[PDB]
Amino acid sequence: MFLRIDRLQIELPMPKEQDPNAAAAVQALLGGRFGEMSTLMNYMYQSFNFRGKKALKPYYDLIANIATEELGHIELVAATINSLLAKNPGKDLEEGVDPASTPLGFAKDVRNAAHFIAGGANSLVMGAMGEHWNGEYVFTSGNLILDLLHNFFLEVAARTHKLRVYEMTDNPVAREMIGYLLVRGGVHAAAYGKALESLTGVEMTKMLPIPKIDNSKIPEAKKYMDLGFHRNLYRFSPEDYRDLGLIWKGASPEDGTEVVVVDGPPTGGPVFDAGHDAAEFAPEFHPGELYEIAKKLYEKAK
């Protein structure tokens, strides 16, 4: 079972203005083959399908727990996309938008028109070419070593996509999200590498980094490492998965320092609200009446 906390894993800054094509690129990191939907769903299904949940508990704890962290990663990437697509972030009501004036004319020419037609200028479950995420992006073989090898690869392929998208987008919201997730994915690759070392004797962490560029070269990632985030494997559970430190121990590939298991989630930051976009009819063409209905619900609870 799962619980939800209404916080992003990190706070995000506010864009100056909408950037459709940046959003379209960041979609690769959400619904593309090596996006956060893929790391999420790989580890989630592997955790369901895991054989030897007690006999191989340290490894089950690892996969089950990282799966849970990836839920917050799809959330964070979606928030980044939504921030880039928001007309009026935080503004509950805009008046005077006239559909006859072609208020979405810009969207005719952007890469991803689906963001504005199918979405209400919001994230979709797709990659940078509009390709919808698919379940064949999941590998769940039941063989622990084969799955872990897959997962080590998956994390460094995902890293490579994050680096490339970072190099496309100058928006601070994207750069902050990517810098943070470069550090988190670095932890995951290190953890799966340590798991493989324990099971096979092959020194997988010595292959890192892939590509051969340090996260320290990405300023936003460097800041998060200066805060210690590359050391941290958070236990995203009230009471379970207490044996993470049997694998998540020893040296960090980033700097050689001792890694640590942190009890509980980080404190994070606020969730994002894109506000009213009347031309998208989102959350309504003119939401004033619906806001009054919601206000009255609180009154009649008395």
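One rule holds for the numbers: they count along the sequence shown, beginning at 1.
On average, which has the higher Cα B-factor in the deposited entry, 90-98 or 129-137?
-> Higher of the two, by average CA B-factor, is 90-98.
Tell me which of 100-108 and 178-186 has the higher mean C-alpha B-factor in the deposited entry.
-> According to the entry, 100-108 carries the higher average C-alpha B-factor.
C-alpha B-factor winner, where the candidates are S123, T160, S83, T200 = Spelled out: the listed residue with the top C-alpha B-factor is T200.
Taking the Cα B-factors listed in the entry, which of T39, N65, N49, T257 comes out highest?
-> Answer for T39, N65, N49, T257: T257, with the highest C-alpha B-factor.
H150 - which third its CA temperature factor falls in, relative to the rest of the chain = Bottom third by C-alpha B-factor.
What third of the chain, by the recorded C-alpha B-factor, contains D263?
-> Ranked within chain, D263 CA B lands in the highest tercile.
Mind checking which third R4 falls in for C-alpha B-factor across the chain?
-> Lowest third - that is where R4 ends up once the chain's C-alpha B-factors are sorted.
In terms of the chain's CA B-factor thirds, is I293 lowest, middle or highest?
-> Highest third - that is where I293 ends up once the chain's C-alpha B-factors are sorted.
Rank-wise, by C-alpha B-factor, drop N143 into the lowest, middle or highest third of its chain.
-> It belongs to the lowest third of the chain when residues are ordered by C-alpha B-factor.
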